[PDB]
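Colleague: Sequence, then structure. It's an experimental one.
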Amino acid sequence: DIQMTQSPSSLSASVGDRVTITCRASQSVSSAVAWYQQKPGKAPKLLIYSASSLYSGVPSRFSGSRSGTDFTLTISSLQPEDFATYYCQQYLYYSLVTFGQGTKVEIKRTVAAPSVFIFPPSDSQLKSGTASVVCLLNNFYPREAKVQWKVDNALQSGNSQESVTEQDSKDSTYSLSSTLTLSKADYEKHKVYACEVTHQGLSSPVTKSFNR
Amino acid sequence: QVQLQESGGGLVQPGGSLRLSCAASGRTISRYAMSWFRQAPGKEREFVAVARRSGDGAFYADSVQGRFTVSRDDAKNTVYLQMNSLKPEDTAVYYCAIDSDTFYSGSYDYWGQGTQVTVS
Amino acid sequence: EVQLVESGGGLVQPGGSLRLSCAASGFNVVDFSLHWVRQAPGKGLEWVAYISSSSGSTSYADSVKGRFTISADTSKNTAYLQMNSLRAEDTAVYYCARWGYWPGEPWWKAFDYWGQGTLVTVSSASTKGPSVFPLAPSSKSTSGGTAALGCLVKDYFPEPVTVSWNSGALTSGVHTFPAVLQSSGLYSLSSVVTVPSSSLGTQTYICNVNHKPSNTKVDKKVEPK
Amino acid sequence: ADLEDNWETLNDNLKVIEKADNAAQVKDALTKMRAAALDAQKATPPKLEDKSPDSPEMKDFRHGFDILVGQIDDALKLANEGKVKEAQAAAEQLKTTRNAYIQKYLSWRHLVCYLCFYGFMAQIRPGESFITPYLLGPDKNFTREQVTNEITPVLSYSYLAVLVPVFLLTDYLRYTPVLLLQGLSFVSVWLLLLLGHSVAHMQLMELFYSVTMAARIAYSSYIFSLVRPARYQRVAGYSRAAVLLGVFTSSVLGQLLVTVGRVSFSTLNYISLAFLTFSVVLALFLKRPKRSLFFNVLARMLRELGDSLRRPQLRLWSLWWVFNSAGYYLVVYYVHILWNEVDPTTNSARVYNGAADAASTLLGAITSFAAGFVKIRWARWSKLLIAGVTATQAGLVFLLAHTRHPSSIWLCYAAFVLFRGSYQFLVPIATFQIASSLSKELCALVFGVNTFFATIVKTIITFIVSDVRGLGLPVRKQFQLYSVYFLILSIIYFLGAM
């Protein structure tokens, strides 16, 4: 029924940086909220309960503070174990459990320009009955990079399909694979097929194209 | 119709400090992000830094990580650039850039003229 | 130690039925109430229902009201969540969590011992093998530096599939993307490696996929035009 | 918002649960009940604050809120099952546990109305306006010159000499022993009025009566120290209504005893002393608060004061407050002597001081209710309206200063009531142009300094006019010179206006 907002939905810090995560209630909920840590793939765990107390099992570098309807988690020294997704959940009754959105912390790292590559379909998709062009962005940071798929110098929308990957353990960077799928109309349209993508590490948006 | 006004410049010794400044007029800044680019004589269109919002951090480049400093004042609509320990391999022109997207995807449309930086 | 376990999850049809078992090893269900939490893949946590085996005051969420039902047995020390007429939105991971009774300290403690959580999916498509297609680096342009070489697998069901390069040899530079849900009900996944241009015409790269339910092993070759 | 705001919104929400049907929206009501109950569990109540925490007499609070939240659970588990009267039965059980467990640690639940019950019974003094006919009557055998030139100057000097210490003593002792001292001072006034023998007994009576009229600022500050700051407006309105009702009922009771009931002045003062003993008994049972004003720093007050010292509509109103307060109290302290001079009837029922007092209180309440509604800008209309009010005051004082025929004394009475209107029209407005500019500590300081210099000017004019070794003028020429003073004030404000 009630909402539980959570503002810093995408944080980024290094090992040894104090981070703060806020969470705002709608009604005047008392000092009963929960902060949860979920590793990617595994189950969530209780980290902070009752907005000030530390759970037996997690270290002393986690805390919390109530200010009216504002619940704030503070991590003092960011352990490399502590890169997970943190959730905010008010608990007041058995049937009023409303979670937050989720804050995914990241590793602070330099901005690298994406190596923007393009792949046309092979000789088998033109005989199967469904063609698929893809565009790859490798070794870039942060995640936000908008591809537009300029076909006939126009912004094709609704036919693209994106899929980002998780963070690499070797150099802490990202990869993106946008997939534009079409029918056998890849031939009898205009021969140019381009994807333009922009990024903060790019001055001009990189446009990678192929003909025929 | 918006515009950017940058300042700074000056022949500096290798190892000195400097304060680049970029203000904006035409549109409010506190719902946008700003950035600093670099163009050296011989190359073109590199990256220095980017400041996102008032609740996030500043993201740097490969050669300026932990060496320069980026601050943002939304009450005065001015992004600074504290240059510290300038190597002589950065004799270049610094560009200021405004973002045109609230999701900070990187839609950059309006830039500044630049600022000459020369070592020794 | 006390813990939870979940069973009975798999694949169903829209409009079908599925029962889930939540077994609590250690404590009893009459001393702690049980809760169900939905997590959509990519989204966040959200609440479904609960049961208190002492009295019984089962209230539901607004999205599952009048459609799902819950019943806990204290002799078998478990809780069953029965679902019928499942919609396509309910493709998610369900966690079964413990939470204490008022009064006292175990109420102020939140969901302390979460379960492993089962995975349920609602889809109309049936099981089939992944069609594999190569992705050539197009070495006629953008040469001199590194290049990329890929495999696009598509039209497969259910979720898990693995893509390996040179039968596990070339593993430094592999980027395996998560399976994105195609609008036709099936799945499509991409994989790509980084190959230098000097060896790109020398080392023959193969690409082996493994789909465990639909037992096919398509091992193709990837090479430029 | 420690316990009291959560408790009042809990009581309001429980009333909302009580008076509503269509139970789809009582779930939000019950969960706000639950939030307000769980927020006040760690409240550390003030009567428990002196005790150490983790004590066996503290856990009754937590156990009472425990069974309270448990019955909130019992109410809310039935509100989701479609039951609408079982939630009402659980609310009745919640009411019973509210009366049982929690109200022992709450302070008191009539703290508004009991102050209203102090705003009435401590104002019933039916021999208030009949002090002067008791002096000039056949009982004590005082003359007019001795009560004119000797007794009330002692009232003026004593009002200065008790306006100096007793304001700081009022802000010091947390306002309960100061109201007790005020009640004992009223008791001393009527005991010296009953058992009086000569002039010095009446001079000590006027000393204690100056203590009583100087302790008039204690009541509103006691309200501000007792009531929480987000409830002060309504409770202050009820208390001001109770004080005005008490003064009006006191004057009506004086008329019903003297005129209609035909009660002698000694029996009237006996009844007045009885009501003062009731006032003392009720003042003994007042709770002593903690948060005072000037004791619960100075450079911060000076920095917040210096930002508005050169502001207009604050110095002119202060000088008007000083001058018109001095003139107004010097007319009030002698209007009864003037009325006893013009109408020296031996009949006790012919004295109508109580009817004029009741009409004065009624017209003052009307002109005080018609003062906050005055939406007149003060950039140009300031000195013209003040000049008109002072001209009306000078006209009414000059009208009182020439009537020597006895049968026109009726024409005096209500006329002075108009004078009693002519100040009370501008009592909140002079507040509204002063109190709406500074902080509350600075507000109390500015009004204290203004009342102090008003008393200084009144004491200087009393030393000039009614000196026993200086002029020694009769009260007719005193009202003539007061009319000259109000005429000089009217000339000053007319020269300031145009």
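Modeller: Structure's in. What do you need? Residues are numbered from 1 along each chain as shown, chains lettered A, B, ... in the order given.
Colleague: so what's the nearest residue to residue D:143 once chain neighbours are set aside up against?
Modeller: Distances taken as CB to CB, 6 or more residues apart in numbering or on different chains place residue D:136 nearest to residue D:143, at 7.7 Å, with adjacent residues excluded. Using the backbone N, CA and C atoms, a C-beta is placed for each residue, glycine as well. When contacts are counted by CB atoms under 8 Å, 6 or more residues apart in numbering or on different chains, residue D:136 touches D:142-144, D:147, D:340, D:344.
Colleague: Drop anything exposed from these.
Modeller: Buried subset of the contacts of residue D:136 (neighbour count, 16 or more other CB atoms under 10 Å in any protein chain shown): D:142, D:144, D:147, D:340.
Colleague: just checking, which of the residues you listed belong to helices?
Modeller: Among the buried ones among the contacts of residue D:136, DSSP state H puts D:144, D:340 in helices.
Colleague: As JSON lines, the buried ones among the contacts of residue D:136 with distance to chain B would be great.
Modeller: Shown next, in JSON lines, are the buried ones among the contacts of residue D:136 (distance: CB to the nearest CB, whole Å):
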{"residue": "D:142", "distance to chain B": "75"}
{"residue": "D:144", "distance to chain B": "75"}
{"residue": "D:147", "distance to chain B": "71"}
{"residue": "D:340", "distance to chain B": "72"}
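Colleague: closest to residue D:413 among the buried ones among the contacts of residue D:136?
Modeller: Nearest to residue D:413 among the buried ones among the contacts of residue D:136 is residue D:340, at 12.6 Å by CB to CB.
Colleague: The closest one and residue D:436: what is the separation?
Modeller: Distance of residue D:340 to residue D:436, computed by CB to CB, to the nearest Å: 42 Å.
Colleague: got it, and residue D:251?
Modeller: 32 Å.
Colleague: try residue D:495
Modeller: For residue D:495, the distance to residue D:436 equals 28 Å [CB to CB].
Colleague: And for residue D:252?
Modeller: Per CB to CB, residue D:252 is found 34 Å from residue D:436.
Colleague: Next: residue D:384.
Modeller: With CB to CB as the criterion, residue D:384 and residue D:436 are 21 Å apart.
Colleague: hang on, the earlier thing: ok, residue D:252 and residue D:436, which is more surrounded?
Modeller: More crowded of residue D:252 and residue D:436, by other CB atoms under 10 Å in any protein chain shown: residue D:252, with 17 against 8.
Colleague: close enough to count as contact, the more buried one and residue D:358?
Modeller: Yes: under the criterion of CB atoms under 8 Å, residue D:252 makes contact with residue D:358 at 5.5 Å.
Colleague: Go ahead and measure how far stretch D:326-335 is from the middle of the chain.
Modeller: Computed by CA atoms, centre = their mean, to the nearest Å, the chain-centroid distance of stretch D:326-335 equals 19 Å.
Colleague: quick one, what contacts residue D:374?
Modeller: Counting by CB under 8 Å, 6+ apart, residue D:374 has contacts residue D:429.
Colleague: Over to residue D:166?
Modeller: Residue D:166 neighbours (CB under 8 Å, 6+ apart): D:178, D:211, D:214-215.
Colleague: Redo those residues as JSON lines? Include neighbour count and distance to chain C.
Modeller: Formatted as JSON lines, those follow (neighbours: other CB atoms under 10 Å in any protein chain shown; distance: CB to the nearest CB, whole Å):
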{"residue": "D:178", "neighbour count": "22", "distance to chain C": "46"}
{"residue": "D:211", "neighbour count": "22", "distance to chain C": "56"}
{"residue": "D:214", "neighbour count": "24", "distance to chain C": "55"}
{"residue": "D:215", "neighbour count": "22", "distance to chain C": "51"}
